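Chains as they are written, first to last, in the working numbering: chain D, 3 to 95; chain P, 5 to 839; chain E, 126 to 221; chain B, 45 to 139; chain C, 126 to 221.
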Amino acid sequence: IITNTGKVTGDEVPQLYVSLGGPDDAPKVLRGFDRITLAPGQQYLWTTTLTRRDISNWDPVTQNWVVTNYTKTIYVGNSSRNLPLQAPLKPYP
Amino acid sequence: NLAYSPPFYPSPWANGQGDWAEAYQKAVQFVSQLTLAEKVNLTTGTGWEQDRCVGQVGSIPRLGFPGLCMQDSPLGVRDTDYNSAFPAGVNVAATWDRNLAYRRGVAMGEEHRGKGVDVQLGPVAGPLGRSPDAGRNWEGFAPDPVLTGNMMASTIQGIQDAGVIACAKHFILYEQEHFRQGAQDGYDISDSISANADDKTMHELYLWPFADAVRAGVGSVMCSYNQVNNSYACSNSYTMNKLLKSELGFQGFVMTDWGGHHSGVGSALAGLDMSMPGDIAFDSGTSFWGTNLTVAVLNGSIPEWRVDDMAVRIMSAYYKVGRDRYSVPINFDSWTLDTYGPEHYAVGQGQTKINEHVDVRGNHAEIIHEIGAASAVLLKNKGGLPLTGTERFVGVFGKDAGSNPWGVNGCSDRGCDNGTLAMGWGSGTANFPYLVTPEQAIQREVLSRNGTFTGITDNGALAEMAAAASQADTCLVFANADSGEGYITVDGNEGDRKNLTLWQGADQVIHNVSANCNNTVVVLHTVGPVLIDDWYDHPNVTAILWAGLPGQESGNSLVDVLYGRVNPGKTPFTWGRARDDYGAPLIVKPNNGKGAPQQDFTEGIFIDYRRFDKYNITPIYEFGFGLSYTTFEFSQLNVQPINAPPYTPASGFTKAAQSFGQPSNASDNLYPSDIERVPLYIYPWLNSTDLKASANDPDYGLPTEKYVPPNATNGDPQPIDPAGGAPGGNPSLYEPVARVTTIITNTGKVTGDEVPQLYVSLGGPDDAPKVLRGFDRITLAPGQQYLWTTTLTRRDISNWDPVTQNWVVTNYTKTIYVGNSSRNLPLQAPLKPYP
Amino acid sequence: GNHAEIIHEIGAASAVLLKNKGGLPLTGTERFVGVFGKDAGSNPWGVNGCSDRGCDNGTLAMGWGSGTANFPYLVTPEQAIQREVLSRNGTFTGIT
Amino acid sequence: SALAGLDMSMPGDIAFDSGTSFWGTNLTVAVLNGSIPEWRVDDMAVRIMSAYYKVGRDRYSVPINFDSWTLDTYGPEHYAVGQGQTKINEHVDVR
Amino acid sequence: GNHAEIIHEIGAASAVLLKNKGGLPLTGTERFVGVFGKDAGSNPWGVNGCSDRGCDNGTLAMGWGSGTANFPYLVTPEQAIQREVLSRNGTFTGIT
Ligand SMILES: *[C@@H]1O[C@H](CO)[C@@H](O[C@@H]2O[C@H](CO)[C@@H](O[C@@H]3O[C@H](CO[C@H]4O[C@H](CO[C@H]5O[C@H](CO)[C@@H](O)[C@H](O)[C@@H]5O[C@H]5O[C@H](CO)[C@@H](O)[C@H](O)[C@@H]5O)[C@@H](O)[C@H](O)[C@@H]4O)[C@@H](O)[C@H](O[C@H]4O[C@H](CO)[C@@H](O)[C@H](O)[C@@H]4O[C@H]4O[C@H](CO)[C@@H](O)[C@H](O)[C@@H]4O[C@H]4O[C@H](CO)[C@@H](O)[C@H](O)[C@@H]4O)[C@@H]3O)[C@H](O)[C@H]2NC(C)=O)[C@H](O)[C@H]1NC(C)=O
Ligand SMILES: *[C@@H]1O[C@H](CO)[C@@H](O[C@@H]2O[C@H](CO)[C@@H](O[C@@H]3O[C@H](CO[C@H]4O[C@H](CO[C@H]5O[C@H](CO)[C@@H](O)[C@H](O)[C@@H]5O[C@H]5O[C@H](CO)[C@@H](O)[C@H](O)[C@@H]5O)[C@@H](O)[C@H](O[C@H]5O[C@H](CO)[C@@H](O)[C@H](O)[C@@H]5O)[C@@H]4O)[C@@H](O)[C@H](O[C@H]4O[C@H](CO)[C@@H](O)[C@H](O)[C@@H]4O[C@H]4O[C@H](CO)[C@@H](O)[C@H](O)[C@@H]4O)[C@@H]3O)[C@H](O)[C@H]2NC(C)=O)[C@H](O)[C@H]1NC(C)=O
Ligand SMILES: *[C@@H]1O[C@H](CO)[C@@H](O[C@@H]2O[C@H](CO)[C@@H](O[C@@H]3O[C@H](CO[C@H]4O[C@H](CO)[C@@H](O)[C@H](O)[C@@H]4O)[C@@H](O)[C@H](O[C@H]4O[C@H](CO)[C@@H](O)[C@H](O)[C@@H]4O[C@H]4O[C@H](CO)[C@@H](O)[C@H](O)[C@@H]4O[C@H]4O[C@H](CO)[C@@H](O)[C@H](O)[C@@H]4O)[C@@H]3O)[C@H](O)[C@H]2NC(C)=O)[C@H](O)[C@H]1NC(C)=O
Ligand SMILES: *[C@@H]1O[C@H](CO)[C@@H](O[C@@H]2O[C@H](CO)[C@@H](O[C@@H]3O[C@H](CO)[C@@H](O)[C@H](O[C@H]4O[C@H](CO)[C@@H](O)[C@H](O)[C@@H]4O[C@H]4O[C@H](CO)[C@@H](O)[C@H](O)[C@@H]4O)[C@@H]3O)[C@H](O)[C@H]2NC(C)=O)[C@H](O)[C@H]1NC(C)=O
Ligand SMILES: *[C@@H]1O[C@H](CO)[C@@H](O[C@@H]2O[C@H](CO)[C@@H](O[C@@H]3O[C@H](CO)[C@@H](O)[C@H](O[C@H]4O[C@H](CO)[C@@H](O)[C@H](O)[C@@H]4O)[C@@H]3O)[C@H](O)[C@H]2NC(C)=O)[C@H](O)[C@H]1NC(C)=O
Ligand SMILES: *[C@@H]1O[C@H](CO)[C@@H](O[C@@H]2O[C@H](CO)[C@@H](O[C@@H]3O[C@H](CO)[C@@H](O)[C@H](O[C@H]4O[C@H](CO)[C@@H](O)[C@H](O)[C@@H]4O)[C@@H]3O)[C@H](O)[C@H]2NC(C)=O)[C@H](O)[C@H]1NC(C)=O
Ligand SMILES: *[C@@H]1O[C@H](CO)[C@@H](O[C@@H]2O[C@H](CO)[C@@H](O[C@@H]3O[C@H](CO[C@H]4O[C@H](CO)[C@@H](O)[C@H](O)[C@@H]4O)[C@@H](O)[C@H](O)[C@@H]3O)[C@H](O)[C@H]2NC(C)=O)[C@H](O)[C@H]1NC(C)=O
Ligand SMILES: *[C@@H]1O[C@H](CO)[C@@H](O[C@@H]2O[C@H](CO)[C@@H](O[C@@H]3O[C@H](CO)[C@@H](O)[C@H](O)[C@@H]3O)[C@H](O)[C@H]2NC(C)=O)[C@H](O)[C@H]1NC(C)=O
Ligand SMILES: *[C@@H]1O[C@H](CO)[C@@H](O[C@@H]2O[C@H](CO)[C@@H](O)[C@H](O)[C@H]2NC(C)=O)[C@H](O)[C@H]1NC(C)=O
Ligand SMILES: *[C@@H]1O[C@H](CO)[C@@H](O)[C@H](O)[C@H]1NC(C)=O
Ligand SMILES: *[C@@H]1O[C@H](CO)[C@@H](O)[C@H](O)[C@H]1NC(C)=O
Ligand SMILES: *[C@@H]1O[C@H](CO)[C@@H](O)[C@H](O)[C@H]1NC(C)=O
Ligand SMILES: *[C@@H]1O[C@H](CO)[C@@H](O)[C@H](O)[C@H]1NC(C)=O
Ligand SMILES: OC[C@H]1O[C@@H](O)[C@H](O)[C@@H](O)[C@@H]1O
């Protein structure tokens, strides 16, 4: 949820970064974004769907895309460093 | 003896193909999560005046879904405030400019979006324009399937690009107001008028602009009030299952016109998706759907796949245009402008904040102004226009020049003609933020250049007019003609116009000013054509300008044309000498005893210019005609055949129908205890697990075979229609067959606009001598040359063959005509077969 | 000539504010401005339509008789308030 | 390059106005002498025309109405060698 | 105050058409207008950038010395003509 906490209508660019988890991976990588207009005090539920590719690495050995064993962490916010909310991706039950 | 509408079943289910694939997938994923009761909520409106929008289906609170809001109209947001009032569709048609149509669409969708509206109830392809005097033709575009079809597509794209579902209406053969909901004028008739047309006439005329709508991505279609071969349009399996969903491949949803719904099971199986406003009659507390549709699925009378397809089609439209991306809650109320009031307006309950007074107009005044100006049509000009700006004394004459004394929004649904005319009456309206009159704007312009001015708006004051006309340099005379939806009657005009002549006593005003002023310029604000034979050729009328219904900037857009700053369009309808010249008289008296009146489209394709052309009737001004402030010449016609792959009829089979959830039990469809049941409010729930008692239907209990036609419940793979295969029809119909190039040259002194027009003679004995198949709008400086290139499709040179139930290129030779009106076509060439 | 300028200046400066509890000046941020009354509007017989201005058919800008002159035009309260209101993005209705 | 997956050579010569091409006449000869299978060049042509038909050039085609080398209304078609005088700019407003 | 208006009206009325065989008036629909000359443009040092206007660095609207005044702004020929040409969808270029 994204809420306009100010006094005027405004545009936000919510962003979704993923940490793939491995020791050679980048701390995080952009995998989602949108641009929304919200009036004052308005809420928006922002829904993004990640794909297999968005949580894979390229493995030279098998010459294919793999989801490594490392825990993937999803971060949400409005720049590459303003990421107040985070959560791990768990297996489906 | 009595026209019959054959059955076609089952109701085609949505196929997830082509441009609809992403939206279908999201719809499925959404509807897959739903209970039966939640699914029924998407289908059924909550009752007349029970929520905030003109139409509103229920919510799905378990998933945080607020429902959908359906709001009028085709020319702006109806029944609110701080919105714009756009020009009428007939003016858009008169521009002959697709990109202006597009831009108006974006602008309208933007206002709907900012008010929280999900579906905008337009644009209008039906009425097409069968009869010049039918009351709602101004809401639509033109009596020509190509012109209207192109404007539908452009308009729909605009709307839907702005994040709002469009709704093509009224489907179909809704071509007059009298008897559209049956009994009126003291006549007792059992049922609405019935439009009876043959399969070719349906295909070559009325349905064609719907195919364009569907091909353009239109998210919804509204079925009409009238019957079609004596089955109600919202109950007609041939029009909704066969024509719209099978042949045209429509992948969105079909809603009822308001009170157009006539059955629960029949209508659902005959292809209907949404019931508006959701009750049987306004505030009856009863619905053919709602509780009844919950029961009809529970008791096996309607397959689960069908109520799933209604929901999947509804959410497909929603996802297709991006409704999940534009979060604006409903911030207005259609019933009152009060800030506070009842949510449930019909029963005075649930007091809350119902209008936020949000201003959605932005810079939309600019596209309204442009369309206003470009849409004006200069029918006559002997030097009277353009005005120089330095006339010493300017007279403005006629009530149509000035304002409504009751305020711009003073008469509900614009049901009056008390001044200048910028919009007809009925549901097809919006409230104005202001209206700039011709009087206001002309006075400002004349005074900007120190001219003197008088405005005489009492059409009774003939001595005063004569005297001032004796003294003025240029007399500007204004006259109008009004019409609208049939629930409103203005001076004996019950929606439909009771004649084709001028309103407000303007004829006499034209006569006395002409007599005294040798530089009289007449301006017409008419919903369509009027008979002008008695004054148009008067030597003192030095120009005639049709300005239609220009919306809120009427007079500002008018002065741009008058002073030559913006160039005029072309008439999108015929101006004939006499009424009888149009044919297709209105049925204003019952012609079937006490049964549904019978409107036979005996004329076939022969309406407006096709009729005039066929019978050699000479109009005063022909379809596609208009003068420019310069001259144009047409040269070097070249028709180049393309080696089209031969026509491939479609074949193969649909997927089998699917159910997205597990079957529901009556036990899970009871009113939840925590719900306070609003009186007359339409809900999906059952009083009890006793299905008969919860439906409360006098006729409850028959097995399907006894009241429903064969194959209505067939969920197995179906034959793909040979004329279908994709939205708009078989893709092989849209294969290019010819490339037409022609040179247009501005041979005059001033810059101007031309509307080049391409007409095709299909060539057979029963074809029209020429039908429009292409147009554009170009601006040329003096001496400038332009090569106009049009690519003709197979559909463009085909006829509908009832025998083979497909489109066919006949053996008769086709002739391409190129020029700037339906009768000024100096260049022609046969369409040759590819070597 | 340029005599409009003096007519305007006398028009303005001759106006008398008898009562004012808060209602004037207008701020230029009004969202919906209504104009009410036949005296805000035009004479429908035209500006010089009644001999010697011998009538009261719209806004009153001059009494009747020999103490009169013909108008080159007459800008009404309705026309001008509409213009000012629209130029500040306001909505407007005139009921006359 | 043909066998390595290239489909179109732009601007077509080896060097600018060199009069020589790695394809052109060379590609004709390469196919005729067996060095390049017919399926390869056929696949070059198919892939080119697949793009053309994908976006609907067959629907939206209009003749070229401008010239990249000069704004003059009249000039040479074959700008590089001052040849083939004709109307090369129609000055069409596409804005 | 509103003295811009008299300045504008005198500006215009003071212009002298010395020669004309077709070039004036402009139609307001020319497709490409070129403006040429350092006299069409701005003083790059600002409108009041030379003491007592003691320079000729752009368009000339006033001579130098005590017979001068500071400008609130100066609408140049380039500025106004570009705005007018573009208002009628013409193209434009200014070479100063
Ligand atoms: C098709 O469908 C449409 C839509 O439904 C439909 O539209 C309707 O058309 C109607 C017909 O045109 C139309 O009604 C006409 O309206 C005319 C204007 O109405 C307004 O003004 C009048 C007159 O006001 C004058 O006069 C009165 C005094 O009587 C005074 O009080 C006023 O202040 C004002 O004064 C001025 O004139 C004085 C002298 O008269 C002068 O002394 C003053 O100094 C000053 O100059 C008001 O009374 C109204 O209330 C409106 O405000 C209206 O003029 C016209 O009336 C005439 O015709 C009617 C028949 O249609 C008669 O009932 C009526 O008595 C009038 O009859 C005279 O004129 C006709 C022809 O014009 C003539 O044949 C008559 O014999 C008679 O002649 C005498 O007078 C004329 C001039 O008036 C002289 O020249 C002669 O020599 C004679 O002396 C209509 O009433 C209606 O508005 C419109 N409806 C809508 C909603 O749009 C249309 O009808 C349909 N078409 C068809 C073909 O069916
Ligand atoms: C599960 O729960 C369900 C939810 O409650 C529940 O549904 C209800 O079922 C009952 C039956 O049990 C339904 O009542 C019937 O409705 C029929 C249809 O009425 C409407 O449509 C008529 C036109 O219908 C044609 O077109 C439809 C598609 O539009 C087709 O489905 C139809 O089959 C029919 O097709 C024919 O015509 C087509 C051209 O139009 C053509 O393509 C096709 O090939 C074929 O020729 C309308 O005329 C009708 O309107 C009339 O009546 C209403 C009032 O009802 C008025 O307002 C109108 O002005 C007008 O006069 C509807 O819009 C009815 O036909 C059927 O009526 C017959 O039977 C009842 C007696 O029970 C008689 O009162 C009536 O006079 C009729 O008699 C005729 O047929 C009988 C045979 O039964 C025969 O004896 C007699 O001689 C005579 O000719 C009946 O009213 C009800 O609609 C459903 N309700 C809801 C809410 O959906 C279901 O029962 C439950 N199931 C179980 C198992 O429990
Ligand atoms: C309002 O009322 C009007 C008047 O009723 C409606 O207009 C009618 O609409 C009908 C469609 O619903 C249409 O029906 C067709 O008629 C054709 C021939 O009719 C001729 O006679 C009449 C009357 O005597 C004339 O007035 C008319 O002008 C004609 O001269 C038939 O050829 C059509 O049959 C085919 O389609 C129907 C369904 O539409 C199928 O049931 C039927 O099986 C036929 O289809 C097969 O055969 C054709 C033969 O050429 C094939 O081309 C086709 O693809 C199919 O082929 C399969 O089967 C064959 C073996 O048969 C096999 O070899 C092949 O491989 C395939 O598997 C049809 O009956 C009326 O003509 C039309 N009337 C008029 C005057 O317009 C109007 O729509 C109503 N409107 C509404 C909204 O309700
Ligand atoms: C089909 O469409 C219709 C029409 O939209 C839907 O009907 C509406 O359903 C909603 C949700 O049930 C309902 O809203 C409730 O109105 C109640 C009656 O006045 C309110 O009492 C209730 O408020 C409570 O819940 C809110 C959140 O749900 C809380 O924020 C609030 O404080 C209240 O919470 C108290 O009570 C709840 C139990 O109700 C309890 O759990 C809490 O702890 C707390 O004590 C709702 O806002 C509308 O009234 C309905 N509209 C009408 C006209 O009746 C219908 O739901 C749709 N059908 C389906 C199947 O989806
Ligand atoms: C489901 O859909 C069906 C329509 O297919 C819909 O049927 C309507 O139900 C009402 C209520 O049973 C019917 O009302 C009848 O109307 C006639 C009108 O002249 C009256 O004679 C009857 O009156 C008696 O019964 C009432 C019962 O509530 C009493 O209150 C009253 O005093 C009388 O004793 C009766 O009202 C109506 O005719 C049908 N309509 C049709 C076209 O069949 C049903 O209402 C829908 N269900 C839901 C839950 O919405
Ligand atoms: C087919 O493709 C081949 C390449 O795969 C292409 O080969 C090129 O041909 C030209 C000759 O036609 C070669 O150019 C020569 O280069 C040598 C340098 O080593 C020069 O000696 C040659 O003479 C130049 O200088 C002379 C001075 O007297 C001049 O008289 C003369 O005109 C020349 O300017 C000449 O330039 C070139 O080396 C090859 N290129 C490669 C990369 O192998 C062949 O031309 C193509 N065929 C067609 C029909 O296009
Ligand atoms: C502003 O527009 C209004 C709406 O058009 C105008 O009001 C209308 O004015 C005409 C002429 O005065 C009236 O027509 C008369 O009607 C009577 C009887 O009608 C009665 O029945 C209807 C219901 O069907 C009812 O609504 C009415 O109140 C009446 O009781 C006829 O016998 C006369 O011959 C004549 O035709 C309209 O009735 C009236 N309509 C409304 C909705 O008020 C008004 O004149 C316009 N004002 C200006 C300044 O132009
Ligand atoms: C804007 O206008 C100012 C003032 O006219 C310009 O500055 C002036 O530029 C001229 C030419 O470069 C200078 O001339 C110089 O005179 C000295 C003698 O004092 C001589 O030795 C130099 O070789 C040269 O001829 C002039 O002094 C100078 N004046 C001032 C007050 O600074 C300036 O160039 C203009 N700028 C633009 C961007 O157009
Ligand atoms: C066309 O307009 C002229 C006015 O410009 C009309 O001429 C006047 O007509 C009346 C009535 O016959 C004469 O008494 C006047 O002397 C004429 N005025 C002038 C200034 O010449 C002329 O009659 C109009 N034509 C028609 C057919 O009505
Ligand atoms: C207006 O013209 C009519 C004829 O159409 C005539 O009978 C009448 O006297 C004229 N009235 C005036 C005031 O000129
Ligand atoms: C539902 O039950 C109430 C009584 O609780 C009754 O008044 C109403 O008529 C019933 N509704 C139907 C549709 O039978
Ligand atoms: C139902 O459709 C099938 C074709 O799938 C056909 O065999 C059958 O004749 C139809 N049934 C009736 C009763 O018309
Ligand atoms: C209008 O009149 C005023 C005063 O004479 C004058 O300043 C202005 O230039 C005039 N305008 C025109 C276009 O003649
Ligand atoms: O108000 C919603 C609907 O109302 C009906 O009365 C009209 O015929 C429709 O065109 C309109 O969209």
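Virtual Cβ for every residue (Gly too), placed ideally from N, Cα, C.
Other residues of its chain near residue i: CB distance less than 7 angstroms, five sequence neighbours each side excluded
{"i": "P/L247", "result": "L211"}
{"i": "P/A41", "result": "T298, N673, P688, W689"}
{"i": "residue 859 of chain P", "result": "No answer is possible for residue 859 of chain P: it lies beyond the span of chain P, which begins at 5 and ends at 839."}
Partner residues on chain P for residue i, Cβ-Cβ distance less than 8 angstroms
{"i": "C/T218", "result": "Those within 8 angstroms of C/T218 in chain P number zero; the least Cβ separation is about 18 angstroms."}
Reference residue i, options the options, closest by Cα
{"i": "P/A485", "options": "P/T478, P/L425, P/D328, P/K774", "result": "P/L425"}
{"i": "P/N560", "options": "E/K163, E/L149, E/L211, E/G136", "result": "E/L211"}
{"i": "P/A172", "options": "P/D678, P/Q666, P/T152", "result": "P/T152"}
Under 7 angstroms from the C-beta of residue i: neighbouring residues of chain C
{"i": "residue 840 of chain P", "result": "Absent from the structure is residue 840 of chain P, since the part of chain P shown begins at 5 and ends at 839."}
Chain-ordered neighbours of residue i on chain E, where CB pairs are closer than 7 angstroms
{"i": "P/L391", "result": "What P/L391 touches in chain E: nothing, since even the nearest Cβ is about 16 angstroms away."}
Other residues of its chain near residue i: CB distance less than 6 angstroms, five sequence neighbours each side excluded
{"i": "P/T819", "result": "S765, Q832, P834"}
Chain P contact residues for residue i, given Cβ-Cβ distances below 7 angstroms
{"i": "E/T221", "result": "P409"}
{"i": "B/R103", "result": "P740, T795"}
As an exercise, report each continuous alpha helix (DSSP H) stretch of at least 4 residues that is fully enclosed by the segment 345-415 of chain P, in chain order.
369-378
Anything in the segment 186-212 of chain E with a Cβ closer than 7 angstroms to a Cβ of chain P? List those residues in chain order, please.
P197, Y198, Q204, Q207, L211
Proximal residues, the segment 736-768 of chain P versus chain C, C-beta separation under 8 angstroms
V754, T755
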